[PDB]
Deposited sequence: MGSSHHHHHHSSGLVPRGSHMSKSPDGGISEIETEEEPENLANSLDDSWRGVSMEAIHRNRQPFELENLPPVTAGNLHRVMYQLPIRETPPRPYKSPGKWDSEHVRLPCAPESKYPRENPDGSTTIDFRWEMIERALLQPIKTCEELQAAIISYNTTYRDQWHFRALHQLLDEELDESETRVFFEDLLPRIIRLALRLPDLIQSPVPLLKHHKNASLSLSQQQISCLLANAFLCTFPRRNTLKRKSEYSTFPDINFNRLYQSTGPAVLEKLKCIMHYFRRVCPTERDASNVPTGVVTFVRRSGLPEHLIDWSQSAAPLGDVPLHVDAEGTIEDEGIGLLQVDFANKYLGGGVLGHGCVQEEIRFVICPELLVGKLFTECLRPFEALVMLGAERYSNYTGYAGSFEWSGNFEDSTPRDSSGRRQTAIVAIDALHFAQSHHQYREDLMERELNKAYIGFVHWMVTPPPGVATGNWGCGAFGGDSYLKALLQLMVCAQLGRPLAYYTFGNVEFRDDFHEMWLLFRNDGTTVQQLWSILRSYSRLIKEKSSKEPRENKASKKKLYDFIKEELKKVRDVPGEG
């Protein structure tokens, strides 16, 4: 009758309006929080913060650094060592009228990759997908705006951009405007030292950021991601007339890194599972129906996954409809097992249809989501990376159930004085990545019970699973089942599977029935 089972959405918000409960404290500058704009925000967009630039192992190597030098071959075949930022400016201010000339300009400061990079998805989009006039508008309007924005980087970033490395709790806050500039540079593949595919290299524990690998990819989902990105730049680049369309606010990136001190012993959790306000919806999406909640990103340990590539499932889609997330790739070291990344403030610019191979851009989206005191849209996303399984049976090992419990734990912790809003999630690391929906739902319930967060769970058209999970929360509620007690049952199922989906839930019935 209704799409959903369990408690209502009013309930998930603790009967207060969405957005009254916040997911992150306000931005303030500190030892553990670098802020790229001036506090407090008076004018908009925020005014950039000024401090000496850094070209070192602790900060982003910015394309405009005076330390960035580059060899050029010449007309006549000799070598000049020049400043790469000067070469980038010269290349991008030559006229560029075709897809081939764009590729040659980008390659002119990436000459190592001359015979490896071919921007086939860009050729497909401009030569075959758009008609002659939409393509003329690309070269006469859009691309000049992207270049002009990229070339303002020394004006918009006047402060070193720190890397968020392994095992450090740190935050970084930037303006949406600053992010549009960094992303324009990525679009034009300007970031130094971030292209090599060599196995052990300076940045190999970091994601890719230059957009070349997207351009090298194929198929319809890749073009639709390109359309999302184009659209973002139409939305946020100043037009020839004015700059009133430029976004006004802020985005914050928080590396959460758990200490041994924070590790839950799951057999000592007396938390009642049925006391979790659980809302299980078979329609709806996290980005729409989960407004006000901590929304989950079914992440790869490299933030963004294959968004610059062939990837086009849950993570990748979020990163092209809310492209400000992409800048996380620039400074976020890959996640270790007891770490997570919270991203607050990312505006949505695109609508979409489908999923995976059927993903399509389906139009403009005007985000009216309210901004917090710090100038951030109150869209809070946590990146947590599930394990992938070649073998489904492997996931029922005790150590790898604990791993996932602890991964979701560090993603979902609150660590603020005000009460935590609900989490909005779903079949995390399931489908083709090997995970069991039935188990991953319980692990997430355990974590929410333990932390005291409501849980809004989306099954995406699967009514059967909605019911099996609702019914199993009812058995917990009136048996007063407990985290440690469900852990005990789950460890039993571990040793059972060893000696050799729908059957996990059958055997809790059994171990529960005896109580």
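Chemist: Given the full deposited sequence, which segments carry no C-alpha coordinates?
Modeler: Several regions go unmodelled: 1-45, 546-552, 568-578.
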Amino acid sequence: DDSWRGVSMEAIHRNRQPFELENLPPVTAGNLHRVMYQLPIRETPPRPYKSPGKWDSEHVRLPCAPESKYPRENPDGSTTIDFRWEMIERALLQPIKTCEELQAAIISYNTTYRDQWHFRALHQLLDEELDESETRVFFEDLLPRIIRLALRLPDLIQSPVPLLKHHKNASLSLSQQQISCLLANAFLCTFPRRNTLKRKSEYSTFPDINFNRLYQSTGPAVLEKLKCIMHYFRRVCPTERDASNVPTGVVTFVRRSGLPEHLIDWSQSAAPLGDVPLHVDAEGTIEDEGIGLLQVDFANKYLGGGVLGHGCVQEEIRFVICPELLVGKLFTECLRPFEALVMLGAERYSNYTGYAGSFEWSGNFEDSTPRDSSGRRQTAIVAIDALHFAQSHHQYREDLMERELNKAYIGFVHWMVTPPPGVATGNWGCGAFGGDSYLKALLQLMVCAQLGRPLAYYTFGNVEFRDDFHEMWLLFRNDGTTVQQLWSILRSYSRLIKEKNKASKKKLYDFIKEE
From here on, numbers count along this sequence of modelled residues.
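Chemist: Of the two stretches 322-330 and 93-101, which shows the higher Cα B-factor on average in the entry?
Modeler: Comparing 322-330 with 93-101, the higher average CA B-factor belongs to 93-101.
Chemist: Mean C-alpha B-factor higher for 190-198, or for 389-397?
Modeler: The entry gives the higher C-alpha B-factor average to 389-397.
Chemist: Between 262, 377, 301, 84, which carries the biggest CA temperature factor in the record?
Modeler: That would be 262.
Chemist: Out of 294, 432, 286, 164, which residue has the highest Cα temperature factor in the PDB record?
Modeler: So the option with the highest C-alpha B-factor is 432.
Chemist: For residue 255, does the deposited CA B-factor place it in the lowest, middle or highest third of the chain?
Modeler: According to the entry, residue 255 has a C-alpha B-factor in the chain's lowest third.
Chemist: Classify residue 461 as lowest, middle or highest third according to the C-alpha B-factor given in the PDB entry, relative to its own chain.
Modeler: Its C-alpha B-factor belongs to the highest third of this chain's values.
Chemist: Please rank the C-alpha B-factors of the chain's modelled residues and tell me whether residue 484 sits in the lowest, middle or highest third.
Modeler: Its C-alpha B-factor belongs to the highest third of this chain's values.
Chemist: Pull the Cα B-factor of residue 476 out of the PDB entry and bin it into the chain's lowest, middle or highest third.
Modeler: Ranked within chain, residue 476 CA B lands in the highest tercile.
Chemist: For residue 224, return the chain-relative third of its C-alpha B-factor as stated in the PDB record: lowest, middle or highest.
Modeler: For residue 224, the deposited C-alpha B-factor lands in the lowest third.
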